[PDB]
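First comes the structure, then the notes that go with it.
Chain naming follows the written order as A, B, C, D, E, F and G, and within any one chain the residues start at number 1.
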Amino acid sequence: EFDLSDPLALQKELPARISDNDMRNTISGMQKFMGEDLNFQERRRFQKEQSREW
Amino acid sequence: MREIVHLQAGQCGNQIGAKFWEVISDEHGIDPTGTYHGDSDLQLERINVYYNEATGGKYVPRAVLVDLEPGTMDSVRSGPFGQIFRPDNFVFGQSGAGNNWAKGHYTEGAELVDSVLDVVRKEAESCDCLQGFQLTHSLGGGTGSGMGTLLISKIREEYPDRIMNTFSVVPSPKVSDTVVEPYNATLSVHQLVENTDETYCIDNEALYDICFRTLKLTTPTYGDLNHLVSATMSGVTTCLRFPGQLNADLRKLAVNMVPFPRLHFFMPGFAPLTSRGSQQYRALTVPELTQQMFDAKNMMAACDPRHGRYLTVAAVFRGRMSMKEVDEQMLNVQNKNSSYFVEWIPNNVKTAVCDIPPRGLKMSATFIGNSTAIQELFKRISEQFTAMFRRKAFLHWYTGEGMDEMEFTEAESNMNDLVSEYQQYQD
Amino acid sequence: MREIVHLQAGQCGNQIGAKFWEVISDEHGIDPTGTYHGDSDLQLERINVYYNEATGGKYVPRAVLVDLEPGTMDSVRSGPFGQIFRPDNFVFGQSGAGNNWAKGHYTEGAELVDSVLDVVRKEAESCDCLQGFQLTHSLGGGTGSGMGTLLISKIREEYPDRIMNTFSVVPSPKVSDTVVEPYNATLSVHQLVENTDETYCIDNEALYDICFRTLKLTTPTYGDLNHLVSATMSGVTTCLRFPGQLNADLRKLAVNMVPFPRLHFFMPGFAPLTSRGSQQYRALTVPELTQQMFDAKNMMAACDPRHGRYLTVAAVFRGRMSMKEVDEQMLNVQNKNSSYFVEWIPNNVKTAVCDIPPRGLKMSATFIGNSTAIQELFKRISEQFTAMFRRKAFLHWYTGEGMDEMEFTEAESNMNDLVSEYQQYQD
Amino acid sequence: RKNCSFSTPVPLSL
Amino acid sequence: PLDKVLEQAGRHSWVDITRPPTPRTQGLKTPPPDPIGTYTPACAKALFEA
Amino acid sequence: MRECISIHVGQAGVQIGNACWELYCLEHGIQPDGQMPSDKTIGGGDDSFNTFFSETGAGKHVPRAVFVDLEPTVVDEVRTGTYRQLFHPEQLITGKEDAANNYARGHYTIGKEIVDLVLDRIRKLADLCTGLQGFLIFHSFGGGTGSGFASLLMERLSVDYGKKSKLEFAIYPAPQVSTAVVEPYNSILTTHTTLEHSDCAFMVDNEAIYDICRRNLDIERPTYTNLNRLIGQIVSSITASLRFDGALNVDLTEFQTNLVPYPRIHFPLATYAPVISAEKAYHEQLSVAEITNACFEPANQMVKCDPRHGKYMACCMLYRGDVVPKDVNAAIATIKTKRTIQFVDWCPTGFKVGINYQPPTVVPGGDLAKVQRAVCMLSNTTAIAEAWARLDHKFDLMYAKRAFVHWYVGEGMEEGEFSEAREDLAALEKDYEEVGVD
Amino acid sequence: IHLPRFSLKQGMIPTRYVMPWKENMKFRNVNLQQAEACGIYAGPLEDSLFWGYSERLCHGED
């Protein structure tokens, strides 16, 4: 198991959060959360939409 | 083989257990419908400590849901995972709670205690050998305390040889919503200390502070809080489920956790909590885990143990680690604050490493703690109790229920006895 | 390995630190995005002295920006390199300075010192071993001096075994804009000499004269002035991170610089400054560097040391040089003006040679000086204090703040002690 | 909308 | 700044423990042994046995 | 013939053991199936394995060991490992309940029901065995299940079988690292129980094992796999005289007779000299002299005792590989001339030399060095009493403030036995001091 | 039997209090000896000065 702490292990460091659309990030992962709000701006956009028509 | 059955009590536990179970199901790869997707052999091996085998590879949750208001169960039953839940496990009453502790403890419980006892012993006979049980409820909740205090009292005697895990949330110090809640809290906690061996204390305000601190998403749901606390509850349970050279038994933990019986209140602690850009700005290393792992801001349970002293500390590490980094980090933290622990015991650290990373991240950990910070908690409930009982505010309900002030006299004396119990060891 | 963490203090220091960090980033060849382009091995080797390594070949700066007014950090954030700075390090308050020393020293800092201590110790725990710290601020700055006196004190008891390097700019002697600045300067400088060990003295007017003398470009920007001080502050720091037979430790230098504890104030000096046509008119030779190095038109710190004598002199040469040139140049200057040194110490020269040239020019140098030319500085500030304390003008604010006239009494006496101390040692 | 279906007991299940 | 205060406070020979405090040097004597004031008796012993 | 039996109590004692046969199976060329190549080595079980494995007419090398455990997790995963076919199914004794780090739980609650079954294994192993010089006991002092169960089994095997050797091997408690505060409880409990019955108890401490890794092996991040590797070649070296011959062969009986000076104390210290990284072996040279200097260098010992703070009684060196009588005898003669090393005035000679022709081999996918000449240093000194001295002031306080006693008395124990162990210990230091006095 | 007795109502009083005499650990024991060396008050284990927006005296609910 040569790896352990290799001298260049950072080059081998793969983030857990390369992007929001990543396969490994599942529900059991706290990094993938659900109260996180990309919808916040979407709420903002549609709050403007609804308010106007209201 | 040794397994666990869960109890979902109180209307909070209705959200608590619901989120708690679905995290487990999503962790182990079972569909909402129930037909398990065979994907991981190891989680295929040890599901029987919590779930039984039904027809066609459906893994039934072994928990019993009890409440009074049907609407809560209906939403729980009609939730994303109520179909995996059993109406066999749905026991309830046909009366209104009123959020009265005595009603659920003397009036409403009396005709439901027989029914729930029959259900649980049937589930007890369904399984072979248990470690014990665990309970999602609250100390300040009308039904949950009322049913919980009843059930903890009864479950003590028939199986006096198992693990009586308890999980209760402490209401917000700034506002309790319910004004008789401190009466309900004092009534519940008086019996709680007499029965329980393990207890988790959780506060909503700190979770909101954590939301302000690392979540940084302004507006979460209470379910989002449920998701956080479930992960802590999941993390402690990952010990038993998963392989790796870590000693998982709560009794293995309990003997290392508490030196004297009266210490049953234990506080949680969790590992990497991250913000918007910092997921890709974090060098995920055991040091920075450990630094964040021991942060006064990383605390969520009751209040800052900066005020008090550290009696026993136990951190379980989930992921691909090694015995040495945790060893030196244990040295580093020991040298960092050698005085900040109690001189009563040296080497008060208990470490475990789970080699199986969670599903979504690799480097993770959980903490269970017992420090001298709970004095802030029951001091608050004390002078609360003083002011109301001094002029017996909100009392005719319980006398109408048949409750007398003498019951409270030993309740406060028992609590104030525990007040002496902490410091005189500590100071 | 030993490293350094920087503090970006005051509203000028925010301005200054932005330039100093981008100069370092450009010197090492990191893009403004953060993806280091591997070009020089030696700068690849010795960046950990200042920058920690983030994910993806990113070298996170180990500096902390602090202020009160939201205008600055956003402009700093919206700069070409604000993306490289961490919002974790962006700590600030929600009040207006009023350019008040006491507010920054007693009122506003008090609820902010707690957080900044946490930030630095988190950064301190992130590192292993430090030489010390360096701070950028101004002596007459309302918040920089207000917090700086606080912050230097806190790190004094926290780590009394490190480098309390300070980088401060004295305001214009002819006029100071801030009328309470001499009160701010005199109060702040009192605590500095107690706590500081190194002090760089920089004056704006000399930079304008340097702009008049060698820049010759009429209208620069203030950042261009920051370019100069960043180049100089980088130049002194070139010793540590570059190879070549020069002993770089500030302690190595300080023991060569400080014969007595009260010697804290040191003046900078720099090497070839070139005008419009002189770039293609200059034959770069160690003699003409040395002459221009010891030019009365080359100074930028305070004033002419012609009025006094020279206590200690130390110039670090950056580029492809050798002893035989510096030796004779060192001999020549001693033969040039032997009497202008003090008879107390002979051979007051300390020489270090950095073999690694800068990026753009080959032969360069920096100078740090101890000459009896600071008396004019604090005797100047002396009459101002008396000229404003005889009728206690502009004093009602600080009494409302909680300042009493006695605090002034010992403070000025402390500088008055320095007046004799500098005078008596030389005269 | 509350799916008031499970609430029905056997005598009152419709 | 300890250096200035100790000499400006009055008493020149601060006893230096060993150094004989000259009968003239004793100036501002510390307040009588008192716990409430900033002369709690615990310190008073320490100097004596020192 | 010339054989012995291995017993592994506790999940601490198993992974270290699992490495041993993983190591052992290589030098014999054992295939994971349990069968040799087409080469003819099978029989009734009589070849190099006959002392180690049982490759009878069935043709399957059956290890002569019983793993005893209380938790199915770790024992089952190795029953799903790579050599699980080799291992006899019920030899790998497990349990469904733990001792919860309690000595008494495994010693009283669960010990009675389990020991008979392994005693059944013991005698069925005993009946097939022929010479069975002794046993190989691998345990741990800070044993959650190792401590209590090892003591009880050692009681029953001692009472029924008292005429052979009992070889004990446990990880010594870390002097400054404690993963459990109940560890001092059962550790001294184990020691006082084991003093009057154990034949030869050998300890080791993992901290110094780690210290070597980044010293000369240059590994800042080793593992159990490496940790079990280093202790694994240690027991391989002591068993080299068994598997291979040499200029002279030595046996456990000679070890016990020559090592232990006086009753009670039978606790020597092991060391392995040619510990070095891969390349560090390459551009350098190995000979007897430097390794003879290295073997006695104080920082190469795995127990946190300064040899100058003690005095030597016994020292046994086991040379495995290509060595000659000439260099070694002069080298040790120069050693006897050394002044800093302080053997007790009692013994003019205190050295037991074992010469084995066979060079130690590397393991495929390993991290050891390329050793041609190796030596194992089993030594006993008086610098060891500090370890128990460390434990007693650790124990005397916590017993006076009687932490966690409510568990032990709550499960049915009392304080008199805890009272016994301390003067059982307190005798041990004063006895170590009286003998330490010449 | 002793009972808590507080003062009247204020407006800018804080809810909570810290009392570093009993809220210091670095010098925890040290401040303890002077608690009786002066004898101000130890009394009940669990006292504060500000219960919630309320004043009292030094004698903790006695």
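Everything that follows uses one rule, which is that a contact is a pair of C-beta atoms (placed from the backbone, for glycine too) under 8 Å apart; a residue touches a chain by one contact, two chains touch by 3 or more.
By chain, UniProt protein names: B, C = Tubulin beta-4B chain; F = Tubulin alpha-3 chain.
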Item to complete: Kindly list the shared contact partners of chain C and chain E, in label order.
Response: none
Discussion item. I want to compare two interfaces, E-G and B-D. Which one has more contacting C-beta pairs?
Written reply: B-D
Worksheet entry | Interchain centroid distance [CA atoms averaged], chain A/chain D, Å | 41
Worksheet item: Which whole number of Å gives the spacing of the CA centres of chain D and chain F?
Response: 69
Worksheet item: Where the CA atoms of chain B average out and where those of chain F average out, how many Å apart are those spots?
Response: 43
Worksheet entry | Cα-centroid distance, chain B relative to chain G, in whole angstrom | 32
Practice prompt. Quick one: which residues in chain F touch 2 or more of the other chains?
Written response: 221-223
Fill in: Multi-partner residues of chain G (at least 2 other chains)
none
Item to complete: Note the residues in chain C that touch 2 or more other chains, in rising order.
Response: 53, 55
Item to complete: If two chains touch, include that pair; go through all of them.
Response: A-B, A-C, A-F, B-C, B-D, B-F, B-G, C-E, E-G
Discussion item. Looking at the complex, which residues from chain A come into contact with chain C?
Written reply: 10, 13, 15
Discussion item. So in the complex, the part of chain E that touches chain C is made up of which residues?
Written reply: 1, 4, 8
Worksheet item: Contact residues on chain C for chain E in the complex?
Response: 190, 193-194, 410, 413-414, 417
Practice prompt. Spell out the part of chain G that touches chain E in their complex, as residue ranges.
Written response: 33-34, 37-38
Worksheet entry | Complex interface listing, chain A residues touching chain B | 4, 13, 15-18, 24-37, 40
